[PDB]
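> One structure follows; several queries about it will come next.
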Amino acid sequence: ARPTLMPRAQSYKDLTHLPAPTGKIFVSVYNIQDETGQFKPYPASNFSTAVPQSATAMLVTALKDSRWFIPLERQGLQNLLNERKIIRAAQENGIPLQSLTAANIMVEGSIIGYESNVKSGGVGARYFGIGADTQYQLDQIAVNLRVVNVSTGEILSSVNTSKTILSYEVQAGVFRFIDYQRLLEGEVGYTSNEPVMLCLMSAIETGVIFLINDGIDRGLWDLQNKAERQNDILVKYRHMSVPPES
Amino acid sequence: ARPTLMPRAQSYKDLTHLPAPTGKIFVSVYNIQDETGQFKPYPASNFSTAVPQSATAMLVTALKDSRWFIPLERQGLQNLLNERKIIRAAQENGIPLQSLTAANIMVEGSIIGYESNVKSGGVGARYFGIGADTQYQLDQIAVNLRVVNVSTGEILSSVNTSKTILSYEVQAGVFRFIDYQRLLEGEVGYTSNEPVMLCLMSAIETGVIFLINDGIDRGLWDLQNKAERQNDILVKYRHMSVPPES
Amino acid sequence: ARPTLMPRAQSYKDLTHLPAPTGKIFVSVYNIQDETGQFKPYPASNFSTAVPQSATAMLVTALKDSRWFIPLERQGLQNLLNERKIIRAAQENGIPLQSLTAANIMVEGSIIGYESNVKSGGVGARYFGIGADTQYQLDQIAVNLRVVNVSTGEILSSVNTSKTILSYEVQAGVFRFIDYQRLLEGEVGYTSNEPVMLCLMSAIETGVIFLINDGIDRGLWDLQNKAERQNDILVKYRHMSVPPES
Amino acid sequence: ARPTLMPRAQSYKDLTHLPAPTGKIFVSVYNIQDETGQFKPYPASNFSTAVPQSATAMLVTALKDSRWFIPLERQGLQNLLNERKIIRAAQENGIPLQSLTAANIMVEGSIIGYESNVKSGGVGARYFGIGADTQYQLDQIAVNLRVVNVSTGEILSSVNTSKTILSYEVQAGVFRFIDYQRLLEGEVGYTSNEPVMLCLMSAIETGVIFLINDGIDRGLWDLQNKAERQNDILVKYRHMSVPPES
Amino acid sequence: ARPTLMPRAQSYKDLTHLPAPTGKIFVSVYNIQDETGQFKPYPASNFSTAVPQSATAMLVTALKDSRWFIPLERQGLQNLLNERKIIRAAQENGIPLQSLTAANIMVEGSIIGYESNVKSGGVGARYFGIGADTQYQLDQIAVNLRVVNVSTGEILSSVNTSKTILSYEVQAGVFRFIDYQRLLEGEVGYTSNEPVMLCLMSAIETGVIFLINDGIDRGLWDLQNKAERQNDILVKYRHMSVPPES
Amino acid sequence: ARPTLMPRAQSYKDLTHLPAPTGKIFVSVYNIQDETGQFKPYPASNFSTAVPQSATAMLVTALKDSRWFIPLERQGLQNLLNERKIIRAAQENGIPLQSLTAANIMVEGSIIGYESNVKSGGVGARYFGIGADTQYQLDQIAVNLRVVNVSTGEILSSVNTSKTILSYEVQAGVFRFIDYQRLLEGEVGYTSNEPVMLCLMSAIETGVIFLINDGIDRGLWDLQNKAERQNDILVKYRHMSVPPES
Amino acid sequence: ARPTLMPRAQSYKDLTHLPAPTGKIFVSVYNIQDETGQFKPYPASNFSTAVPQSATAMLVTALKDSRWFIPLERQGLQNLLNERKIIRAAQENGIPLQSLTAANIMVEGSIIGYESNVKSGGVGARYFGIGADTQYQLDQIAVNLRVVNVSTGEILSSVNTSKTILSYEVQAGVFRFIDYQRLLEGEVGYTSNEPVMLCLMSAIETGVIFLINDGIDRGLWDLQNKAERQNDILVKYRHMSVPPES
Amino acid sequence: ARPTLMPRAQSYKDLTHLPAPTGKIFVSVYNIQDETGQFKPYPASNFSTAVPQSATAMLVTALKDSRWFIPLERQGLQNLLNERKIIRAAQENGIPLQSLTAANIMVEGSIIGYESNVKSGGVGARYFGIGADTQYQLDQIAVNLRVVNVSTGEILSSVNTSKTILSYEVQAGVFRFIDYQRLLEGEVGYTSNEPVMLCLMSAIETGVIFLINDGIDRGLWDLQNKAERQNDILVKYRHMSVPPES
Amino acid sequence: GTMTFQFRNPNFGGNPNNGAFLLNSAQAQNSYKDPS
Amino acid sequence: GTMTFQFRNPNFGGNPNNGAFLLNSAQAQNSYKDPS
């Protein structure tokens with residue numbers, strides 16, 4: 001096909017239309033570790049991880065496009081410090097650069113577990129020759145995000161989100177004897193694996209709005225206008241603040 | 001589906017409605033090690049661990065939402081100390097930050113073993129063509145949590161909790177000869193693996209309430225009101241203080 | 001089901017009702033190494049250990065609930081020393097902490113071997129269509145515990161305990177021809193693996209009482225009252241002081 | 001066949017005809033990490049990565065041929081610094097070289113996940129002997145690119161792109177009995193795997209134009225002529241600035 | 001069943017009733033290395049060692065219960081020295097401990113080889129339907145122990161012991177046709193693997209008595225009474241002092 | 001069975017009855033490396049070595065019981081030096097030990113190769129139902145030992161020995177039809193693998209006598225009496241001084 | 001059987017009867033590396049090397065028994081230097097040793113490749129029931145040896161030798177029907193793998209005589225008598241000085 | 001068979017009869033790396049390299065026997081420098097050695113790739129019972145050698161050579177029914193793998209003559225007599241100086 | 001452990017080795033004769 | 001997990017072990033006699 005932007009869920013359109021704050025908040029995003037410890041089963045490789053190791057690149061895109069935070073490069077800090085030695089070596093030899101911008105808070109977190117085959121199922125039916133069947137699985141991924149006050153070392157707010165990755169498959173088939181000593185045959189199949197790459201981005205973009213909403217109730221950072229406290233987006237994520245039961 | 005919060009058991013609603021203490025207690029949560037040493041069997045990978053390595057991110061969410069403890073960032077301490085060098089380098093060049101908040105106690109612990117296939121079973125039945133069957137397994141996970149007084153190095157209280165992870169499967173089936181030289185066929189199946197990701201969170205959130213309850217009987221920390229000593233939650237976890245037999 | 005405490009054998013109720021000593025004895029529990037060197041066979045993973053690596057977390061729970069010892073944090077000593085640097089850095093900047101409590105003895109030990117399939121067996125029987133069978137295995141685990149006088153470096157007492165882990169399986173079955181050209185079928189099965197997680201805790205909790213009993217006969221530490229020397233618990237573990245034969 | 005240049009998509013002809021800026025912008029491209037963590041399944045090797053590790057060599061070719069950036073060697077910096085020790089050793093012994101050119105911005109990024117078998121399918125049909133079938137899979141790759149201001153450490157713009165890698169297969173076949181006791185047979189097959197090597201280059205060359213376009217709207221760097229703001233290329237990538245839905 | 005002491009062979013009752021010496025001899029037991037280099041075959045894991053790595057914990061129990069030696073902690077010396085830094089840090093801040101007790105001799109050694117399937121065998125018999133069979137294997141383990149004079153570095157005495165680990169299996173079976181068109185079936189089986197964990201302890205406890213007996217003939221250490229030189233135990237291990245032939 | 005000494009070949013009785021020298025010769029035995037590089041084939045583990053790694057513990061037993069050499073602890077020298085720091089620390093605090101005894105020569109060597117299946121064979125025979133067969137293999141192990149003068153660094157004498165490890169198997173069998181519609185069946189089998197653990201000890205104990213005999217002809221060390229030069233043992237190993245042909 | 005010396009080829013009897021030189025030449029033999037890089041195929045282990053790693057112990061035996069060279073311990077030099085620290089520590093405390101003997105030349109080399117299945121073959125024949133067959137393989141090993149003048153660093157002489165390792169197998173068999181409804185059966189087999197352990201020793205012992213012969217023609221070292229230049233051994237290895245063709 | 005020299009191709013007889021130069025040229029041969037990265041397929045081991053790692057020992061034999069170069073020991077330089085410390089330690093204690101000879105040029109290079117199964121093929125034919133077949137493969141190996149001027153660091157000449165390794169197999173067979181109810185059978189087979197050990201030596205010995213010939217045309221080193229410029233050997237390698245086409 | 005769903009029928013996605021058992025256990029139980 | 005599409009027919013790309021079941025379950029259901 002053609003290259004385009006990464007496709008986005010309802011939460012990304014729900015994230016962009018957030019109310020604006022008074023001033024933007026700097027944030028250091030160091031590392032979101034893949035602490036699932038779960039690899040892909042057969043017939044994949046023994047080494048391929050179930051969740052991609054790039055959750056820290058997805059969170060920076062969530063914070064930057066939210067129009068609330070100004071993210072700072074702390075992932076490739078060792079490459080950024082090696083670049084600022086090269087500018088400083090050319091300064092003394094034939095504008096002076098200022099120091100690095102430092103953040104008030106640092107958002108860090110994990111990917112707390114990935115369970116595959118939480119539920120399964122399947123229907124099938126064959127009359128005389130003609131058949132059809134269905135299958136589905138759904139895996140569950142969970143993301144932990146917490147805001148750390150870097151001044152004192154405390155933890156301000158911590159939320160857990162979740163997402164269900166549905167992977168179904170529909171297949172038909174015909175194996176009959178049409179009129180004597182002739183044999184008909186046909187198959188039509190279709191599968192659809194939802195990518196865990198794209199369901200991780202929709203669970204992180206939702207967990208950001210639970211951090212921004214929890215900052216307003218706890219008085220951490222205030223909105224630009226108090227009349228926009230009753231926005232339809234923030235009243236939608238306040239009903240989801242209680243978790244589902246089990 | 002849609003992203004939401006991580007689903008919570010009865011213990012989380014049992015944890016939030018705890019009585020309030022006099023003052024909040026700081027706590028350092030360094031590392032909860034996966035000391036099970038148990039990996040997933042075939043047909044999963046040889047490398048995938050049976051229990052996720054993110055138990056330390058689950059305990060901080062249990063302590064923070066309990067409204068008793070103020071957790072402190074000690075997991076990513078090496079990233080937090082590297083951030084406070086960048087602020088301090090911009091302080092001398094063109095508000096002074098205070099030191100890190102230190103804790104009175106430090107909650108640490110482990111995951112003491114994970115045994116798979118503790119019990120099993122299964123029924124089956126086939127009359128003329130029509131069939132049905134059932135299966136179930138249940139695994140057992142155990143969590144150790146202990147409170148360490150960091151002033152003297154003693155151990156104040158230590159509790160062990162447990163949880164049973166049921167994983168059943170129901171399947172039907174029909175393979176008959178309906179009226180001469182025609183063949184009917186149908187299958188309906190359904191499995192349900194309970195996630196070990198979610199049963200680890202319910203065993204940790206229960207083991208926190210056995211630490212808070214054991215602090216009140218031993219005089220470690222006292223409640224805000226002594227009339228709330230007879231709460232229905234704390235009288236429920238005092239009956240469970242004796243272990244089951246074997 | 002519901003989360004609860006870890007289920008306990010007869011030895012835990014036998015451990016709690018011990019007589020009280022004159023004063024509690026501090027103890028350092030550094031590391032109990034899994035020196036079995038035995039991994040799980042097929043169809044488990046090649047990497048999963050047969051005995052969990054968390055025996056040092058189980059012994060601290062045995063010593064703490066015995067109401068004789070005050071255990072000290074020496075497992076996570078490197079995390080406890082890093083915490084006391086953070087308090088000491090905030091002391092000089094804008095109560096002085098005392099030093100770590102040190103122990104008189106240090107209980108250390110191992111897990112001396114785990115042999116699987118020590119005994120086996122099985123019965124089976126089929127008459128006309130109807131059948132039944134049984135199987136059982138029993139594995140053997142052994143725990144070494146020894147008390148080290150830390151003043152001189154000697155070894156005061158050393159005991160070995162053992163436990164047999166029974167794992168049976170009962171299965172029925174019917175494959176008959178009921179009245180002409182109909183076919184009956186039924187299966188009922190049930191297995192029960194005793195967890196090695198829970199049989200390790202019952203062998204450690206028994207080996208503690210053989211250390212406390214051996215301290216009284218050797219004059220290491222004395223009871224609070226000499227009339228309680230003739231307790232029914234201590235007279236029960238004196239008959240078991242001679243080992244079984246082979 | 002014959003060696004030639006690497007074949008290029010529509011985006012490369014779309015990249016070369018961009019409007020010219022006022023002055024060229026230096027850029028350091030250190031490392032684009034393969035953070036997919038996904039390896040190739042059977043019957044390939046267990047060790048072969050799904051995405052090539054050479055994305056940092058592809059981005060430099062995209063920046064250099066865009067006629068906007070002057071890329072700088074920062075990948076083999078340790079080899080370039082060892083060369084400048086050899087020139088400097090021959091300078092003191094029997095033109096003095098200037099220092100390294102340093103960049104204003106540094107483009108860095110990742111490959112955020114690679115999901116294989118996102119969709120599948122297949123048709124088949126056999127009448128009397130003569131048959132035909134079809135298959136197709138399509139994998140999805142995603143590339144993260146972000147521009148880091150190296151003076152302050154902020155992140156200026158960050159975009160995500162995506163690409164679908166179609167891999168189909170068409171096969172015919174005949175197995176008949178032509179006139180008595182003779183047997184005809186024929187097969188014709190054809191597959192076509194689109195290379196992930198070449199679809200990674202088309203997703204990076206598209207993500208560069210989303211960085212150049214986002215610089216003009218945010219006032220980072222301005223065009224040479226404001227009448228060329230309404231170019232047909234830049235108005236084409238402004239309609240694609242909103243992502244697809246899911 | 002119930003936890004108990006580790007079951008002991010004839011040699012342990014033969015070890016406890018040894019004559020008493022003049023004074024007890026200190027001994028350092030550093031490490032008994034598993035130098036077999038033999039792992040368990042299929043269907044066990046590739047990684048599980050044939051002999052447990054805990055022979056050094058078994059020898060200390062043999063020396064301590066022999067009522068001749070006072071063993072010293074030299075295995076966990078790095079943990080014992082870290083404990084004595086904590087006492088010494090609390091000494092200068094608000095009884096002085098003496099130095100470590102040092103030994104006259106140090107008993108060290110190895111496990112010299114483990115050969116599996118030294119001998120095998122098996123009988124079988126089936127008449128009309130009714131059957132029975134038998135199998136047996138026997139493995140051979142060997143233990144080296146030597147006493148090192150730590151003053152001069154010489155080797156005082158060195159002995160090799162051996163043990164045969166029998167593992168048999170008995171199985172019956174019936175597959176007949178009882179009265180027309182009925183089918184009887186029955187199986188009864190029983191195996192018994194002798195543990196290599198327990199046969200290593202009986203080869204070490206025997207090799208200790210060959211060290212104590214060889215000390216009396218060489219004048220290394222003398223008995224408390226010379227009339228007890230003619231004990232029935234020491235005259236039993238003097239007849240076994242010559243090895244079997246091959 | 002019962003524990004006993006390791007069974008010994010003809011060479012051990014041939015080694016003990018050697019003539020006595022003038023004075024005993026000290027010897028350092030550092031390490032005999034398993035330089036075979038040969039592991040065990042299927043169905044054993046991939047990791048289990050064919051020859052045990054404990055040849056250095058077998059040579060010390062050969063030198064000590066030969067009544068010619070006084071061996072010195074140089075294998076666990078790092079443990080012996082750590083013990084003599086503990087005595088020396090208790091000397092200055094509230095008999096002075098002499099230095100380590102040093103050797104005139106140092107016996108070192110290797111295990112030069114282990115070839116499996118050098119020869120094989122097998123007979124079989126079946127008449128009407130009744131059968132019998134035989135198999136045998138023989139492996140070959142070789143041991144290098146050389147005496148190094150530690151004063152100058154020269155090599156005084158070097159010998160190579162060899163041993164053949166026979167492993168046979170005898171099996172019978174009956175599968176007949178005794179009187180009409182009855183079926184007899186019987187099997188009797190027996191294998192015998194000679195241990196490579198025990199054939200390594202008999203090749204080392206022989207290679208010691210070729211070192212002691214070569215010392216007398218070269219004038220390295222002389223006998224106590226020259227009339228015992230014509231002993232029946234030393235005249236037996238002088239005929240074997242020429243190697244077999246090939 | 002019985003232990004004996006390692007069996008020797010024609011070259012060893014050809015090596016011992018060499019003419020005597022004027023004076024013996026010291027030689028350092030550091031390491032002969034197994035640079036084949038070839039491991040054993042199935043059904044052996046994946047890790048077992050095709051050629052043993054002990055070629056450096058075989059060359060020292062070739063040089064020592066040649067009555068021309070005096071070899072020096074340079075393999076275990078780190079053990080020999082640790083021994084001479086122990087003598088020197090006892091010298092200053094309550095004969096002074098001279099320095100190590102150093103060599104004029106140092107013989108070093110490699111094992112240049114090992115190719116398995118260079119040639120193969122096999123005959124078979126079956127008439128009515130009675131059969132017979134034959135197989136053979138032959139592998140090829142090559143040894144490089146070169147003499148290095150240690151004074152200047154030059155290479156004096158370098159030779160390559162080779163050897164063919166034949167491994168045959170002969171098997172018979174009978175499967176007939178002797179007189180009606182009786183069945184005869186018999187098999188007789190025999191294999192013989194020549195050891196690569198023993199063919200490496202015969203290729204090294206031959207390559208030594210090509211070094212000694214090349215020293216006399218180049219004037220490196222001269223014989224004791226010039227009349228012995230025309231020996232039958234040295235005139236035999238001068239005809240083999242030209243290589244075979246290919 | 002019997003040990004002999006390594007068999008040599010036409011190029012070795014073509015190398016020895018080269019014209020003589022004015023003076024011999026010293027050369028350092030450090031390391032020829034196996035940069036093929038190709039291992040042997042099934043049924044060999046996974047670890048065995050396709051090309052031996054001893055190409056640096058083969059090149060020194062090519063340079064030494066060419067009667068043009070004097071090679072220097074630079075492979076085992078760390079062993080040669082450790083030997084010259086031992087001579088120098090005996091010099092000061094109770095002829096002074098000169099420094100190492102250093103080279104004008106240093107020949108280094110690689111093994112640029114090894115492709116297996118470049119071509120294949122096979123014929124077969126069976127009439128009534130009697131059959132025959134043939135197979136062949138041919139692999140391709142390539143060697144890079146380049147002369148480095150060590151004074152300035154330039155590269156003087158660089159050549160690539162190649163060789164084709166043919167491996168064929170011929171097999172016959174008979175499976176007939178000779179006169180009624182008798183069965184004849186016979187097989188005759190023969191394979192021949194050309195060793196890659198020996199084809200690497202013939203590609204290196206050819207690549208040396210392309211270096212010596214390229215030195216004379218470029219004026220690097222001149223012949224002893226200009227009348228020998230027109231030798232039949234050097235005019236033969238000048239026609240091969242142009243490569244084959246593809 | 002994990003309970004993964006699989007069809008027991010080789011017509012759908014399932015193991016093909018119990019195809020010969022599924023058909024032989026169906027023709028051993030049918031009682032429909034040929035109508036004519 | 002991942003749902004990979006595979007044909008259930010050995011004529012197309014599929015497992016060959018259910019070929020003998022696919023044909024035996026088709027000839028046990030056909031009702032077409034020989035026309036003549």
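By order of appearance in the structure tokens: chains A, B, ..., then residues from 1 within every chain, and ligands from 1 in the order shown.
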Just need the residues of chain C within 9 Å of chain I, counting only C-alpha atoms, so spit them out as a list in words.
residues 180, 181, 182 and 183 of chain C
> Please provide the set of residues having any atom within 10 Å of residue 228 (chain H), restricted to only C-alpha atoms, with same-chain residues fewer than 6 positions apart removed, written as a PDB file with N, CA, C and O atoms, in the first residue's frame.

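Now in part.pdb:
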```pdb
ATOM      1  N   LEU H  18      60.428 -21.034  -8.646  1.00  0.00           N
ATOM      2  CA  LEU H  18      60.438 -19.620  -8.984  1.00  0.00           C
ATOM      3  C   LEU H  18      61.876 -19.122  -9.125  1.00  0.00           C
ATOM      4  O   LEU H  18      62.800 -19.711  -8.555  1.00  0.00           O
ATOM      5  N   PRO H  19      62.101 -18.061  -9.899  1.00  0.00           N
ATOM      6  CA  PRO H  19      63.431 -17.445  -9.939  1.00  0.00           C
ATOM      7  C   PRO H  19      63.806 -16.820  -8.604  1.00  0.00           C
ATOM      8  O   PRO H  19      62.956 -16.449  -7.794  1.00  0.00           O
ATOM      9  N   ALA H  20      65.110 -16.718  -8.381  1.00  0.00           N
ATOM     10  CA  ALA H  20      65.620 -16.227  -7.113  1.00  0.00           C
ATOM     11  C   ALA H  20      65.745 -14.704  -7.127  1.00  0.00           C
ATOM     12  O   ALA H  20      66.122 -14.115  -8.142  1.00  0.00           O
ATOM     13  N   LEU H 234      56.617 -17.324 -14.676  1.00  0.00           N
ATOM     14  CA  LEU H 234      56.093 -15.968 -14.554  1.00  0.00           C
ATOM     15  C   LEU H 234      55.308 -15.556 -15.794  1.00  0.00           C
ATOM     16  O   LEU H 234      54.427 -14.692 -15.715  1.00  0.00           O
TER      17      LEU H 234
END
```
> Determine, counting only C-alpha atoms, which protein, DNA and RNA residues have an atom within 6 Å of an atom of residue 127 (chain G); residues of the same chain fewer than 2 positions away are not included. Present the result as a PyMOL selection string.
(chain G and resi 129-130) or (chain H and resi 184)
> Let's see if you can do this: from backbone DSSP, list all strand (DSSP E or B) residues in region 34-161 of chain C, as an MDAnalysis selection string.
chainID C and resid 39 49 69:72 105:110 114:126 130:149 154:161
> Do a neighbour search on region 107-120 of chain D at 7 Å with only C-alpha atoms, toss out local chain neighbours closer than 4 positions, and write the hits as JSON, numbers by chain.
{"A": [52, 54, 190, 191, 192, 193, 194, 195, 197], "D": [27, 28, 29, 30, 31, 32, 33, 34, 35, 36, 38, 136, 137, 138, 139, 140, 141, 142, 143, 144, 145, 146, 147, 148], "J": [4, 5]}
> Only residues of chain A matter here; which ones have an atom within 12 Å of chain C, counting only C-alpha atoms? Give them as a list in words.
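Therefore, the residues near the partner are residues 152, 153 and 246 of chain A.
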> Write the selection just made, keeping N, CA, C and O atoms, as a short mmCIF file (atom, residue, chain, number, x, y, z; two decimals), in the first residue's frame?

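Result went into result-v2.cif, see below:
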```
data_model
loop_
_atom_site.label_atom_id
_atom_site.label_comp_id
_atom_site.auth_asym_id
_atom_site.auth_seq_id
_atom_site.Cartn_x
_atom_site.Cartn_y
_atom_site.Cartn_z
N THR A 152 11.68 15.57 45.87
CA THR A 152 11.69 14.86 47.14
C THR A 152 11.82 13.35 46.99
O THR A 152 12.20 12.68 47.96
N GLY A 153 11.53 12.80 45.82
CA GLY A 153 11.58 11.37 45.62
C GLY A 153 10.27 10.65 45.85
O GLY A 153 10.24 9.42 45.72
N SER A 246 -14.01 -8.53 39.49
CA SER A 246 -13.56 -9.84 39.03
C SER A 246 -14.02 -10.95 39.98
O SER A 246 -13.21 -11.58 40.65
#
```
> Per residue of chain J within 6 Å of chain I, what are the shortest atom pair and its distance in Å to one decimal, counting only C-alpha atoms, with rows by chain and residue number, as JSON lines?

```
{"residue": "J:17", "atom": "CA", "partner": "I:16", "partner_atom": "CA", "distance": 5.6}
{"residue": "J:18", "atom": "CA", "partner": "I:16", "partner_atom": "CA", "distance": 4.9}
{"residue": "J:21", "atom": "CA", "partner": "I:19", "partner_atom": "CA", "distance": 5.4}
```
> Can I get the selected residues back with N, CA and C atoms, as a PDB file, in the first residue's frame?

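Result saved to selection.pdb:
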```
ATOM      1  N   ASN J  17      -1.966 -35.314   6.201  1.00  0.00           N
ATOM      2  CA  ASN J  17      -2.408 -36.473   6.965  1.00  0.00           C
ATOM      3  C   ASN J  17      -3.925 -36.616   6.978  1.00  0.00           C
ATOM      4  N   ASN J  18      -4.666 -35.536   6.742  1.00  0.00           N
ATOM      5  CA  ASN J  18      -6.114 -35.640   6.617  1.00  0.00           C
ATOM      6  C   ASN J  18      -6.568 -35.740   5.169  1.00  0.00           C
ATOM      7  N   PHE J  21      -8.867 -38.972   5.295  1.00  0.00           N
ATOM      8  CA  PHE J  21     -10.138 -38.725   5.958  1.00  0.00           C
ATOM      9  C   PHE J  21     -11.071 -37.886   5.097  1.00  0.00           C
TER      10      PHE J  21
END
```
> Quick one: DSSP helix (DSSP H, G or I) residues in chain J, as a list in words?
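So, restricting chain J to helix (DSSP H, G or I), we get residues 16, 17, 18, 19, 20, 21, 22, 23, 24, 25, 26 and 27 of chain J.
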> Produce a file of the selected residues containing C-alpha atoms, as a PDB file, in the first residue's frame.

```
ATOM      1  CA  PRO J  16      -1.304 -34.227   4.102  1.00  0.00           C
ATOM      2  CA  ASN J  17      -2.408 -36.473   6.965  1.00  0.00           C
ATOM      3  CA  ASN J  18      -6.114 -35.640   6.617  1.00  0.00           C
ATOM      4  CA  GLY J  19      -6.216 -36.625   2.956  1.00  0.00           C
ATOM      5  CA  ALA J  20      -7.432 -40.146   3.691  1.00  0.00           C
ATOM      6  CA  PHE J  21     -10.138 -38.725   5.958  1.00  0.00           C
ATOM      7  CA  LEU J  22     -11.357 -36.104   3.474  1.00  0.00           C
ATOM      8  CA  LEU J  23     -11.889 -38.660   0.715  1.00  0.00           C
ATOM      9  CA  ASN J  24     -13.385 -41.383   2.912  1.00  0.00           C
ATOM     10  CA  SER J  25     -15.883 -38.894   4.338  1.00  0.00           C
ATOM     11  CA  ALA J  26     -16.892 -37.880   0.796  1.00  0.00           C
ATOM     12  CA  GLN J  27     -17.427 -41.355  -0.646  1.00  0.00           C
TER      13      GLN J  27
END
```
> Taking into account only C-alpha atoms, which residue in the set A:172, A:156, A:60, A:199 is nearest to residue 221 (chain A)?
A:156
> Fewer than 6 positions away in the same chain doesn't count, so skip those; otherwise give me all residues within 7 Å of residue 25 (chain F), counting only C-alpha atoms, as a VMD selection string.
chain F and resid 68 to 70
> Okay, now the selection with N, CA, C and O atoms, as a PDB file, in the first residue's frame?

```
ATOM      1  N   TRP F  68      56.395 -43.957  48.713  1.00  0.00           N
ATOM      2  CA  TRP F  68      57.589 -43.315  48.185  1.00  0.00           C
ATOM      3  C   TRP F  68      57.487 -41.801  48.272  1.00  0.00           C
ATOM      4  O   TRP F  68      58.469 -41.126  48.585  1.00  0.00           O
ATOM      5  N   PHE F  69      56.316 -41.249  47.986  1.00  0.00           N
ATOM      6  CA  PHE F  69      56.153 -39.810  47.923  1.00  0.00           C
ATOM      7  C   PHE F  69      55.360 -39.296  49.116  1.00  0.00           C
ATOM      8  O   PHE F  69      54.528 -40.001  49.689  1.00  0.00           O
ATOM      9  N   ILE F  70      55.636 -38.053  49.492  1.00  0.00           N
ATOM     10  CA  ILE F  70      54.819 -37.295  50.430  1.00  0.00           C
ATOM     11  C   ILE F  70      54.125 -36.195  49.630  1.00  0.00           C
ATOM     12  O   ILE F  70      54.765 -35.195  49.280  1.00  0.00           O
TER      13      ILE F  70
END
```
> Quick one: residues within 9 Å of region 92-97 of chain G, only C-alpha atoms counted, chain neighbours fewer than 5 positions away excluded, as a list in words?
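These residues fall inside the cut-off: residues 98, 99, 151 and 152 of chain F; 84 and 87 of chain G.
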> Could you tell me how far CA of residue 178 (chain G) sits from CA of residue 187 (chain F), in Å to one decimal place?
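Rounded to one decimal, the two atoms are 24.2 Å apart.
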